[PDB]
Amino acid sequence: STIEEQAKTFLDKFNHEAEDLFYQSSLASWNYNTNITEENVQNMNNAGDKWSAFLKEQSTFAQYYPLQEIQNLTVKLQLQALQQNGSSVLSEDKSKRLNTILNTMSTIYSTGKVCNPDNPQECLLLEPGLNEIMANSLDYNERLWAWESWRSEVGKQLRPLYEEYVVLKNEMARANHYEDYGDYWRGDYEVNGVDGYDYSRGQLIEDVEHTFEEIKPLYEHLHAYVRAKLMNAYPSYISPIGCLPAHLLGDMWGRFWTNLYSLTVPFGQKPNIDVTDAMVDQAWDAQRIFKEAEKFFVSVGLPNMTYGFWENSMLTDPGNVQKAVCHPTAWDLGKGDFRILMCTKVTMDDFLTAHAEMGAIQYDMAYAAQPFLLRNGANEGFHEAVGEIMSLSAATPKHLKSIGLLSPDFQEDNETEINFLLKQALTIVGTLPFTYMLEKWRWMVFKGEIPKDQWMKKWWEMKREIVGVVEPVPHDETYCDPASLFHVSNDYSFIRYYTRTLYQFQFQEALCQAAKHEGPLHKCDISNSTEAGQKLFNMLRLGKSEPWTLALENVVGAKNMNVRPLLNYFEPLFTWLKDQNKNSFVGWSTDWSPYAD
Amino acid sequence: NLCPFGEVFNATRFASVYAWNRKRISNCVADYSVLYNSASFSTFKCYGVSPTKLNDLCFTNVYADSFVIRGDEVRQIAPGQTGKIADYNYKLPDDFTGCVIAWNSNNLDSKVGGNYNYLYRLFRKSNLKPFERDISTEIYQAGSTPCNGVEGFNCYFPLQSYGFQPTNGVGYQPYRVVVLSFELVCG
Ligand SMILES: *[C@@H]1O[C@H](CO)[C@@H](O)[C@H](O)[C@H]1NC(C)=O
Ligand SMILES: *[C@@H]1O[C@H](CO)[C@@H](O)[C@H](O)[C@H]1NC(C)=O
Ligand SMILES: *[C@@H]1O[C@H](CO)[C@@H](O)[C@H](O)[C@H]1NC(C)=O
Ligand SMILES: *[C@@H]1O[C@H](CO)[C@@H](O)[C@H](O)[C@H]1NC(C)=O
Ligand SMILES: *[C@@H]1O[C@H](CO)[C@@H](O)[C@H](O)[C@H]1NC(C)=O
Ligand SMILES: *[C@@H]1O[C@H](CO)[C@@H](O)[C@H](O)[C@H]1NC(C)=O
Ligand SMILES: [Zn+2]
């Protein structure tokens, strides 16, 4: 019995027993979400405790098999994922500490309550309500209160708890043999043992840094153009050279500038490309939205969402009776079960979000015929990029004609493309500085470059410099603004939200070439192109069996992250934005302040 | 007289795949027409004889092998399909004269929380010969260490249970299978 043949029969036992265990724990995790209840939360913990406990024993047995003297490449990768020590190294209740503080963080957001001073009854959560203030209100005073009170009341509360979060999770450092908690999340991109393709964790920094510099030209001009529109709609508050205030951006944090499309509309007399005003006039419920999404991909080639999807998914808000997490989540349970949980709304954003999550489902479906561990896409950015590759096609003005939202006229004017591109830039271009900034400060925290006595404050200097956004009110370190966002509170990577972005244009370029599109990339619908769909499914199935740097090359010529497709997609917008912003100042001052007055 | 096909197909319970029940059907008249015209069966692959031809065809002896397997594995109840089930549980002769009948049992053999009753052999030192039922629950020794009849390193219980939750996908839902063979009983 060769050691690899012993390794396969061990792995063969794992894939059978683990799939049911993962399904059982994931089934309770769905129920916890659907019917938030002390009993359901406990069911997730006890069943989830078994999944973790099951993982630890198989992990110890996997170490007995050496990572050497095995040759089938899938066998090596499968063994590494199991052989990782994991969160077991922390001694007993110390791990339970990490469980409790993290378990607290899911609750603090769900229970995070800001209360109106005028009416002490009237307290709000980060339900759609608070986010709706940031999305629609045009009052500087109103937005600031929701911006401030949230992290005044709830942020500070999480500051000691996020303080121990790093302290206790960086205990893993040199226990799990990674140097800092930033090194662990970067291990997702790591590929080793492949000649000519070995990608080290440090390469990801240098790559991100270089591509971001080429992103800066387009972003600064967008930042300038947005400032001019904002200064008219907000006299006095905004200085023509100063950093943009955070609350007047779309979200509670400013992650997506797509909310400001109404204020920042280039032309506005031509037909609207934001078709939420048409969806309400086209009476499209959530079932219609997803049914049109299901129809999009079956046109490409993937068959229908399994009936277990439509039967067991939650695509509508429960109502008052049931309290559930409303965040878009492309759940995948294994054992042939695929569901989507997403409180859905009558908005183009929710129309475009649904198309991305279903593309992620069909990703989760395409590589089902793989060993258990290799079924998670080849890196984190892939899973999040596949859906947006389709989403870029979904919003295209030509495809919006076929859906029935834009009228049959289709004015293909030189202006409508810019209207469409700027809505796309706000959603796509704006989030990349915010992403790099957040994760840069996150990585630097794990390394220890910023002590707690310099925390928070540094965050704001970095946010002023990189993203060009200023704080309305100065914050002591008792404030904890970074952990006002779900991705930071629930210990989820956020740079995975930027690798996908450079990726999402890398692939579409090749998919349009596969469809033999005659023209630019923003004119590209993957619809009715069986060949481009076969190209995706051919490499969706690979999962993590083939290194990402290899799977990238097979689809698109590049073996690594390249910003060049993104620039080409935005090149018409970049040239126009330069001409308009010739008088206004491009750039910002790191020293301006809305409170220094 | 009416062949007792009713109790084989309408049984309250079906046996596991590693111990497939065999019921002898002999000296009775059998209407095969109800089977190929029931419309309640997903798979009905008669490998040797056409169902039309065997309706009036007398036969020496009939036996019914009934077991429950996964739908992904229904492919394997077939001459020369390999795979785990045919390899270590139930293999067909590859000269097989007979029929394979299958229908979904998600309504009956799947329950909330999952049913773990059905078992399948996962490890076997040597591939099963046609029509050989093995129920040896001896730890498959995978390495150099001897298992001494207890679980341990490279010492796995050769039996693993199916999990059947109703929300599973079609490829993972439980399917009820009845295998019919003919030897050389009319209609
Ligand atoms: C709500 O949770 C309770 C758990 O006690 C359950 O009885 C009820 O069915 C749940 N509601 C659902 C599943 O819609
Ligand atoms: C931690 O990892 C080491 C790697 O050499 C392994 O030997 C050890 O068993 C692991 N600890 C466990 C599984 O508790
Ligand atoms: C080795 O080849 C493939 C690599 O994709 C692997 O999936 C399979 O399990 C291995 N085959 C055997 C059993 O030798
Ligand atoms: C796919 O699903 C749609 C949903 O209505 C259905 O109309 C269509 O006929 C199905 N196509 C298949 C099964 O090929
Ligand atoms: C794809 O084809 C269908 C039917 O041929 C058509 O209704 C739809 O408009 C097409 N989509 C395009 C051209 O984007
Ligand atoms: C639209 O086209 C006109 C005329 O060709 C030209 O000024 C420019 O490209 C566009 N005008 C805008 C964007 O205001
Ligand atoms: Zn998200």
# chains A, B, ... in the order shown; residues from 1 in each chain; ligands from 1
$ interface_residues --of "chain B" --to "chain A" --cutoff "12 Å" --atoms "only C-alpha atoms" --output "PDB file with C-alpha atoms, in the first residue's frame"
ATOM      1  CA  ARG B  70     -29.002   6.958  -4.529  1.00  0.00           C
ATOM      2  CA  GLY B  71     -30.299   8.414  -7.775  1.00  0.00           C
ATOM      3  CA  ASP B  72     -26.787   9.334  -8.874  1.00  0.00           C
ATOM      4  CA  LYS B  84     -18.989   2.100  -5.864  1.00  0.00           C
ATOM      5  CA  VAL B 112     -36.947  15.721   8.341  1.00  0.00           C
ATOM      6  CA  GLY B 113     -33.505  15.561   9.910  1.00  0.00           C
ATOM      7  CA  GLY B 114     -32.465  12.756   7.564  1.00  0.00           C
ATOM      8  CA  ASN B 115     -32.865   8.980   7.620  1.00  0.00           C
ATOM      9  CA  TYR B 116     -29.642   7.070   8.289  1.00  0.00           C
ATOM     10  CA  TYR B 120     -23.918   0.776   1.625  1.00  0.00           C
ATOM     11  CA  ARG B 121     -20.581  -1.023   1.515  1.00  0.00           C
ATOM     12  CA  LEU B 122     -17.850   1.545   0.912  1.00  0.00           C
ATOM     13  CA  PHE B 123     -14.729  -0.653   1.055  1.00  0.00           C
ATOM     14  CA  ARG B 124     -14.172  -4.197  -0.222  1.00  0.00           C
ATOM     15  CA  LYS B 125     -10.827  -5.939  -0.658  1.00  0.00           C
ATOM     16  CA  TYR B 140     -11.104  -2.838   5.689  1.00  0.00           C
ATOM     17  CA  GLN B 141      -7.385  -2.737   6.504  1.00  0.00           C
ATOM     18  CA  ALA B 142      -6.039   0.030   4.262  1.00  0.00           C
ATOM     19  CA  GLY B 143      -2.401   0.168   5.382  1.00  0.00           C
ATOM     20  CA  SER B 144       0.239  -1.924   7.137  1.00  0.00           C
ATOM     21  CA  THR B 145      -1.183  -1.794  10.664  1.00  0.00           C
ATOM     22  CA  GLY B 152      -8.271   3.328  13.915  1.00  0.00           C
ATOM     23  CA  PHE B 153      -5.601   4.576  11.546  1.00  0.00           C
ATOM     24  CA  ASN B 154      -6.226   3.205   8.034  1.00  0.00           C
ATOM     25  CA  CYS B 155      -8.874   1.085   9.771  1.00  0.00           C
ATOM     26  CA  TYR B 156     -12.297   2.204   8.555  1.00  0.00           C
ATOM     27  CA  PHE B 157     -15.638   0.506   9.068  1.00  0.00           C
ATOM     28  CA  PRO B 158     -16.449  -0.774   5.541  1.00  0.00           C
ATOM     29  CA  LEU B 159     -20.106   0.250   6.025  1.00  0.00           C
ATOM     30  CA  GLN B 160     -21.389   3.825   5.758  1.00  0.00           C
ATOM     31  CA  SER B 161     -25.015   4.930   5.986  1.00  0.00           C
ATOM     32  CA  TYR B 162     -26.975   6.910   3.451  1.00  0.00           C
ATOM     33  CA  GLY B 163     -28.307  10.295   4.500  1.00  0.00           C
ATOM     34  CA  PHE B 164     -31.728  11.170   3.097  1.00  0.00           C
ATOM     35  CA  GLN B 165     -33.077  14.635   3.798  1.00  0.00           C
ATOM     36  CA  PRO B 166     -36.153  15.577   1.733  1.00  0.00           C
ATOM     37  CA  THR B 167     -34.643  18.912   0.677  1.00  0.00           C
ATOM     38  CA  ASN B 168     -31.790  17.086  -1.077  1.00  0.00           C
ATOM     39  CA  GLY B 169     -31.216  17.339  -4.801  1.00  0.00           C
ATOM     40  CA  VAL B 170     -32.543  14.771  -7.242  1.00  0.00           C
ATOM     41  CA  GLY B 171     -29.088  13.225  -7.654  1.00  0.00           C
ATOM     42  CA  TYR B 172     -29.015  12.630  -3.884  1.00  0.00           C
ATOM     43  CA  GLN B 173     -32.648  11.683  -3.199  1.00  0.00           C
ATOM     44  CA  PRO B 174     -33.499   8.050  -2.362  1.00  0.00           C
TER      45      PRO B 174
END
$ residues_around --residues "residue 347 in chain A" --least-positions-apart "5" --cutoff "8 Å" --atoms "only C-alpha atoms" --output "PyMOL selection string"
chain A and resi 275-276+279
$ residues_near_ligand --ligand "ligand 5" --cutoff "6 Å" --atoms "only C-alpha atoms and all ligand atoms" --output "JSON, numbers by chain"
{"A": [399, 402, 527, 528]}
$ write_last_selection --atoms "C-alpha atoms" --output "PDB file, in the first residue's frame"
ATOM      1  CA  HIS A 399     -29.830  43.496 -22.998  1.00  0.00           C
ATOM      2  CA  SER A 402     -34.938  42.469 -24.453  1.00  0.00           C
ATOM      3  CA  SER A 527     -26.960  36.119 -24.140  1.00  0.00           C
ATOM      4  CA  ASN A 528     -27.733  33.622 -26.892  1.00  0.00           C
TER       5      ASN A 528
END
$ residues_around --residues "residue 63 in chain B" --least-positions-apart "2" --cutoff "6 Å" --atoms "only C-alpha atoms" --output "PyMOL selection string"
chain B and resi 23-25
$ residues_near_ligand --ligand "ligand 3" --cutoff "12 Å" --atoms "only C-alpha atoms and all ligand atoms" --output "compact mmCIF listing (two decimals) with N, CA, C and O atoms, in the first residue's frame"
# COMPACT_ATOMS: atom_id res chain seq x y z
N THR A 2 0.97 1.90 -1.16
CA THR A 2 1.69 3.17 -1.25
C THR A 2 0.97 4.23 -0.42
O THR A 2 -0.23 4.14 -0.17
N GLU A 4 0.14 7.27 -1.04
CA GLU A 4 -0.96 7.97 -1.70
C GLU A 4 -2.21 7.10 -1.78
O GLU A 4 -3.33 7.61 -1.64
N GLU A 5 -2.05 5.80 -2.00
CA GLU A 5 -3.21 4.92 -2.05
C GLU A 5 -3.87 4.83 -0.69
O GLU A 5 -5.09 4.68 -0.59
N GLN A 6 -3.07 4.91 0.38
CA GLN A 6 -3.61 5.06 1.72
C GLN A 6 -4.27 6.42 1.91
O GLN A 6 -5.24 6.54 2.66
N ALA A 7 -3.75 7.45 1.23
CA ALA A 7 -4.33 8.78 1.35
C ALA A 7 -5.67 8.88 0.64
O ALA A 7 -6.55 9.62 1.10
N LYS A 8 -5.84 8.16 -0.47
CA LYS A 8 -7.10 8.24 -1.20
C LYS A 8 -8.23 7.56 -0.45
O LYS A 8 -9.35 8.09 -0.38
N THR A 9 -7.98 6.38 0.13
CA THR A 9 -9.03 5.69 0.87
C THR A 9 -9.41 6.45 2.13
O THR A 9 -10.57 6.39 2.56
N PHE A 10 -8.46 7.16 2.74
CA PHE A 10 -8.81 8.05 3.84
C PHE A 10 -9.66 9.22 3.35
O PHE A 10 -10.67 9.57 3.97
N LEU A 11 -9.25 9.84 2.24
CA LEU A 11 -10.04 10.92 1.66
C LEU A 11 -11.39 10.42 1.17
O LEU A 11 -12.38 11.16 1.20
N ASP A 12 -11.46 9.16 0.73
CA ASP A 12 -12.73 8.60 0.27
C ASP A 12 -13.72 8.49 1.42
O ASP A 12 -14.92 8.75 1.24
N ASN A 15 -15.05 12.27 2.23
CA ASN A 15 -16.02 12.92 1.36
C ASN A 15 -17.45 12.45 1.61
O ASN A 15 -18.39 13.23 1.49
N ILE A 70 3.24 12.00 -2.45
CA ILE A 70 1.94 11.95 -3.11
C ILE A 70 2.06 12.73 -4.41
O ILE A 70 2.70 13.79 -4.44
N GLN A 71 1.48 12.21 -5.49
CA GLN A 71 1.73 12.77 -6.81
C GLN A 71 0.51 13.28 -7.55
O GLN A 71 0.62 14.29 -8.26
N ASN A 72 -0.64 12.63 -7.45
CA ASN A 72 -1.84 13.19 -8.06
C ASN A 72 -2.17 14.55 -7.45
O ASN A 72 -2.42 14.65 -6.24
N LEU A 73 -2.13 15.59 -8.29
CA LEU A 73 -2.15 16.97 -7.80
C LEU A 73 -3.37 17.25 -6.92
O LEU A 73 -3.28 17.98 -5.93
N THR A 74 -4.52 16.67 -7.28
CA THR A 74 -5.71 16.85 -6.47
C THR A 74 -5.54 16.24 -5.08
O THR A 74 -6.08 16.76 -4.10
N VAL A 75 -4.78 15.14 -4.98
CA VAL A 75 -4.56 14.51 -3.69
C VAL A 75 -3.77 15.42 -2.77
O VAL A 75 -4.06 15.53 -1.57
N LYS A 76 -2.76 16.11 -3.31
CA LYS A 76 -1.98 17.04 -2.49
C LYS A 76 -2.86 18.15 -1.94
O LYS A 76 -2.86 18.42 -0.73
N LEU A 77 -3.63 18.81 -2.81
CA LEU A 77 -4.46 19.93 -2.39
C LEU A 77 -5.50 19.50 -1.36
O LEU A 77 -5.71 20.18 -0.35
N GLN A 78 -6.16 18.36 -1.60
CA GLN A 78 -7.15 17.86 -0.65
C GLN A 78 -6.52 17.62 0.72
O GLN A 78 -7.15 17.89 1.75
N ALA A 369 -19.38 17.74 -9.47
CA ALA A 369 -18.68 16.47 -9.69
C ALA A 369 -17.19 16.62 -9.40
O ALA A 369 -16.33 16.48 -10.27
N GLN A 370 -16.89 16.92 -8.14
CA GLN A 370 -15.53 17.10 -7.65
C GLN A 370 -15.45 16.56 -6.23
O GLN A 370 -16.47 16.51 -5.53
N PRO A 371 -14.27 16.13 -5.79
CA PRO A 371 -14.09 15.81 -4.37
C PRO A 371 -14.51 16.97 -3.49
O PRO A 371 -14.49 18.13 -3.91
N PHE A 372 -14.89 16.64 -2.25
CA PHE A 372 -15.55 17.60 -1.36
C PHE A 372 -14.79 18.92 -1.27
O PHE A 372 -15.37 20.00 -1.47
N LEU A 373 -13.49 18.86 -0.99
CA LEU A 373 -12.75 20.07 -0.65
C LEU A 373 -12.52 20.96 -1.86
O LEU A 373 -12.45 22.19 -1.71
N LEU A 374 -12.41 20.39 -3.05
CA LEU A 374 -12.09 21.16 -4.25
C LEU A 374 -13.29 21.90 -4.84
O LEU A 374 -13.14 22.53 -5.89
N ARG A 541 -16.27 24.08 -13.85
CA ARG A 541 -16.22 22.76 -13.24
C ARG A 541 -14.89 22.47 -12.56
O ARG A 541 -14.85 21.62 -11.66
N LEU A 542 -13.81 23.14 -12.97
CA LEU A 542 -12.49 22.80 -12.44
C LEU A 542 -12.41 23.05 -10.94
O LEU A 542 -11.67 22.35 -10.24
N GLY A 543 -13.15 24.03 -10.44
CA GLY A 543 -13.13 24.30 -9.01
C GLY A 543 -11.74 24.71 -8.56
O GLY A 543 -11.13 25.63 -9.12
N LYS A 544 -11.22 24.02 -7.55
CA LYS A 544 -9.88 24.26 -7.04
C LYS A 544 -8.90 23.15 -7.41
O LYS A 544 -7.78 23.13 -6.89
N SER A 545 -9.30 22.24 -8.30
CA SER A 545 -8.39 21.19 -8.74
C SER A 545 -7.21 21.77 -9.50
O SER A 545 -6.07 21.33 -9.33
N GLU A 546 -7.47 22.76 -10.35
CA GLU A 546 -6.43 23.45 -11.08
C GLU A 546 -6.16 24.81 -10.45
O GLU A 546 -7.11 25.53 -10.10
N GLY B 83 -18.24 1.91 -10.67
CA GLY B 83 -18.75 2.72 -9.59
C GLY B 83 -18.86 1.94 -8.29
O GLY B 83 -18.81 0.72 -8.25
$ closest_residue --among "B:41, B:175, B:131, B:36" --to "residue 108 in chain B" --atoms "only C-alpha atoms"
B:175
$ residues_near_ligand --ligand "ligand 4" --cutoff "8 Å" --atoms "only C-alpha atoms and all ligand atoms" --output "ChimeraX atom specification"
/A:291,294-295,298,303-305
$ closest_residue --among "A:406, A:330, A:348, A:532" --to "ligand 7" --atoms "only C-alpha atoms and all ligand atoms"
A:330
$ residues_near_ligand --ligand "ligand 6" --cutoff "8 Å" --atoms "only C-alpha atoms and all ligand atoms" --output "JSON, numbers by chain"
{"A": [267, 413, 414, 415, 418, 576]}
$ residues_near_ligand --ligand "ligand 2" --cutoff "12 Å" --atoms "only C-alpha atoms and all ligand atoms" --output "PyMOL selection string"
chain A and resi 53-67+80-92+172+174-178
$ residues_near_ligand --ligand "ligand 7" --cutoff "8 Å" --atoms "only C-alpha atoms and all ligand atoms" --output "mmCIF file with N, CA and C atoms, in the first residue's frame"
data_model
loop_
_atom_site.group_PDB
_atom_site.id
_atom_site.type_symbol
_atom_site.label_atom_id
_atom_site.label_comp_id
_atom_site.auth_asym_id
_atom_site.auth_seq_id
_atom_site.Cartn_x
_atom_site.Cartn_y
_atom_site.Cartn_z
ATOM 1 N N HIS A 327 -29.244 40.018 4.082
ATOM 2 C CA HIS A 327 -28.106 40.248 3.202
ATOM 3 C C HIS A 327 -28.118 39.249 2.048
ATOM 4 N N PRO A 328 -27.832 39.698 0.825
ATOM 5 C CA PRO A 328 -27.727 38.764 -0.309
ATOM 6 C C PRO A 328 -26.685 37.690 -0.039
ATOM 7 N N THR A 329 -27.129 36.434 -0.061
ATOM 8 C CA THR A 329 -26.260 35.298 0.233
ATOM 9 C C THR A 329 -26.602 34.166 -0.726
#
$ residues_around --residues "residue 32 in chain A" --least-positions-apart "4" --cutoff "10 Å" --atoms "only C-alpha atoms" --output "mmCIF file with C-alpha atoms, in the first residue's frame"
data_model
loop_
_atom_site.group_PDB
_atom_site.id
_atom_site.type_symbol
_atom_site.label_atom_id
_atom_site.label_comp_id
_atom_site.auth_asym_id
_atom_site.auth_seq_id
_atom_site.Cartn_x
_atom_site.Cartn_y
_atom_site.Cartn_z
ATOM 1 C CA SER A 26 -25.632 24.223 6.936
ATOM 2 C CA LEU A 27 -29.314 23.254 7.113
ATOM 3 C CA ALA A 28 -29.528 24.566 10.682
ATOM 4 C CA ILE A 36 -34.069 34.166 14.178
ATOM 5 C CA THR A 37 -34.823 32.477 17.508
ATOM 6 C CA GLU A 38 -32.853 31.513 20.600
ATOM 7 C CA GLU A 39 -33.656 27.874 19.837
ATOM 8 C CA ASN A 40 -32.532 28.159 16.205
ATOM 9 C CA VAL A 41 -29.283 29.929 17.131
ATOM 10 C CA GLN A 42 -28.497 27.101 19.554
ATOM 11 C CA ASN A 43 -29.247 24.482 16.888
ATOM 12 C CA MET A 44 -26.654 26.134 14.647
ATOM 13 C CA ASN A 45 -24.086 26.116 17.459
ATOM 14 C CA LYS A 323 -37.014 37.884 11.498
ATOM 15 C CA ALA A 324 -34.224 36.870 9.127
ATOM 16 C CA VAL A 325 -30.922 38.183 7.852
#
$ residues_around --residues "residue 13 in chain B" --least-positions-apart "5" --cutoff "10 Å" --atoms "only C-alpha atoms" --output "PyMOL selection string"
chain B and resi 8+66-68+108-109+176
$ atom_distance --atom1 "CA of residue 104 in chain A" --atom2 "CA of residue 160 in chain A"
12.4 Å
$ residues_around --residues "residue 217 in chain A" --least-positions-apart "4" --cutoff "12 Å" --atoms "only C-alpha atoms" --output "PDB file with N, CA and C atoms, in the first residue's frame"
ATOM      1  N   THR A 211      -1.566  47.590  -9.736  1.00  0.00           N
ATOM      2  CA  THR A 211      -2.793  47.802 -10.501  1.00  0.00           C
ATOM      3  C   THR A 211      -3.606  48.967  -9.957  1.00  0.00           C
ATOM      4  N   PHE A 212      -3.588  49.182  -8.639  1.00  0.00           N
ATOM      5  CA  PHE A 212      -4.347  50.294  -8.075  1.00  0.00           C
ATOM      6  C   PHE A 212      -3.818  51.639  -8.556  1.00  0.00           C
ATOM      7  N   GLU A 213      -2.507  51.745  -8.787  1.00  0.00           N
ATOM      8  CA  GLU A 213      -1.947  53.004  -9.270  1.00  0.00           C
ATOM      9  C   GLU A 213      -2.499  53.359 -10.645  1.00  0.00           C
ATOM     10  N   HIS A 221     -10.666  61.571 -11.317  1.00  0.00           N
ATOM     11  CA  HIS A 221     -11.559  62.367 -12.152  1.00  0.00           C
ATOM     12  C   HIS A 221     -13.018  62.112 -11.795  1.00  0.00           C
ATOM     13  N   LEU A 222     -13.373  60.852 -11.532  1.00  0.00           N
ATOM     14  CA  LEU A 222     -14.695  60.554 -10.990  1.00  0.00           C
ATOM     15  C   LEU A 222     -14.912  61.280  -9.672  1.00  0.00           C
ATOM     16  N   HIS A 223     -13.908  61.243  -8.792  1.00  0.00           N
ATOM     17  CA  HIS A 223     -14.013  61.938  -7.517  1.00  0.00           C
ATOM     18  C   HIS A 223     -14.223  63.433  -7.736  1.00  0.00           C
ATOM     19  N   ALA A 224     -13.561  64.002  -8.750  1.00  0.00           N
ATOM     20  CA  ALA A 224     -13.714  65.424  -9.054  1.00  0.00           C
ATOM     21  C   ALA A 224     -15.094  65.732  -9.620  1.00  0.00           C
ATOM     22  N   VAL A 429     -16.055  51.322 -10.118  1.00  0.00           N
ATOM     23  CA  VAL A 429     -14.807  52.054  -9.914  1.00  0.00           C
ATOM     24  C   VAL A 429     -14.711  52.571  -8.483  1.00  0.00           C
ATOM     25  N   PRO A 433     -11.041  51.838  -4.467  1.00  0.00           N
ATOM     26  CA  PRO A 433     -10.268  52.543  -3.428  1.00  0.00           C
ATOM     27  C   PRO A 433     -10.726  52.201  -2.022  1.00  0.00           C
ATOM     28  N   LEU A 567      -9.661  49.112 -17.841  1.00  0.00           N
ATOM     29  CA  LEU A 567      -9.421  50.415 -18.449  1.00  0.00           C
ATOM     30  C   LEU A 567     -10.077  50.511 -19.822  1.00  0.00           C
ATOM     31  N   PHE A 570     -13.729  51.155 -19.619  1.00  0.00           N
ATOM     32  CA  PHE A 570     -14.014  52.505 -19.158  1.00  0.00           C
ATOM     33  C   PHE A 570     -13.292  53.578 -19.963  1.00  0.00           C
ATOM     34  N   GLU A 571     -12.579  53.202 -21.026  1.00  0.00           N
ATOM     35  CA  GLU A 571     -11.820  54.190 -21.792  1.00  0.00           C
ATOM     36  C   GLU A 571     -12.689  55.287 -22.398  1.00  0.00           C
ATOM     37  N   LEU A 573     -15.408  56.536 -21.095  1.00  0.00           N
ATOM     38  CA  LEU A 573     -15.775  57.392 -19.971  1.00  0.00           C
ATOM     39  C   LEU A 573     -14.580  58.189 -19.464  1.00  0.00           C
ATOM     40  N   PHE A 574     -13.405  57.557 -19.402  1.00  0.00           N
ATOM     41  CA  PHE A 574     -12.218  58.237 -18.894  1.00  0.00           C
ATOM     42  C   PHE A 574     -11.860  59.443 -19.754  1.00  0.00           C
ATOM     43  N   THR A 575     -11.959  59.302 -21.078  1.00  0.00           N
ATOM     44  CA  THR A 575     -11.626  60.412 -21.964  1.00  0.00           C
ATOM     45  C   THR A 575     -12.629  61.551 -21.826  1.00  0.00           C
ATOM     46  N   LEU A 577     -14.539  62.215 -19.170  1.00  0.00           N
ATOM     47  CA  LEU A 577     -14.420  62.816 -17.845  1.00  0.00           C
ATOM     48  C   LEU A 577     -13.253  63.795 -17.784  1.00  0.00           C
ATOM     49  N   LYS A 578     -12.170  63.498 -18.507  1.00  0.00           N
ATOM     50  CA  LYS A 578     -11.030  64.410 -18.545  1.00  0.00           C
ATOM     51  C   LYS A 578     -11.415  65.752 -19.152  1.00  0.00           C
ATOM     52  N   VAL A 586      -8.661  68.369 -10.205  1.00  0.00           N
ATOM     53  CA  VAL A 586      -8.579  66.921 -10.062  1.00  0.00           C
ATOM     54  C   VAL A 586      -7.607  66.616  -8.930  1.00  0.00           C
ATOM     55  N   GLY A 587      -8.070  65.872  -7.939  1.00  0.00           N
ATOM     56  CA  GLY A 587      -7.304  65.597  -6.742  1.00  0.00           C
ATOM     57  C   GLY A 587      -7.951  66.214  -5.518  1.00  0.00           C
TER      58      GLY A 587
END
$ atom_distance --atom1 "CA of residue 132 in chain B" --atom2 "CA of residue 78 in chain B"
14.9 Å
$ select_by_dssp --residues "range 71-194 of chain A" --states "alpha helix (DSSP H)" --output "ChimeraX atom specification"
/A:73-83,93-111,128-136,140-150,156-169,181-186
$ select_by_dssp --residues "range 24-55 of chain B" --states "strand (DSSP E)" --output "number ranges by chain"
B: 24-25, 43-46
$ write_last_selection --atoms "C-alpha atoms" --output "PDB file, in the first residue's frame"
ATOM      1  CA  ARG B  24     -38.886 -16.008  -5.495  1.00  0.00           C
ATOM      2  CA  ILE B  25     -41.782 -15.626  -7.947  1.00  0.00           C
ATOM      3  CA  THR B  43     -36.042   3.900 -15.119  1.00  0.00           C
ATOM      4  CA  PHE B  44     -37.228   0.691 -16.836  1.00  0.00           C
ATOM      5  CA  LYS B  45     -34.268  -0.728 -18.776  1.00  0.00           C
ATOM      6  CA  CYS B  46     -34.947  -4.324 -19.837  1.00  0.00           C
TER       7      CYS B  46
END
$ residues_around --residues "range 120-126 of chain A" --least-positions-apart "6" --cutoff "8 Å" --atoms "only C-alpha atoms" --output "ChimeraX atom specification"
/A:109-114
$ closest_residue --among "A:437, A:314, A:473, A:154" --to "ligand 1" --atoms "only C-alpha atoms and all ligand atoms"
A:314
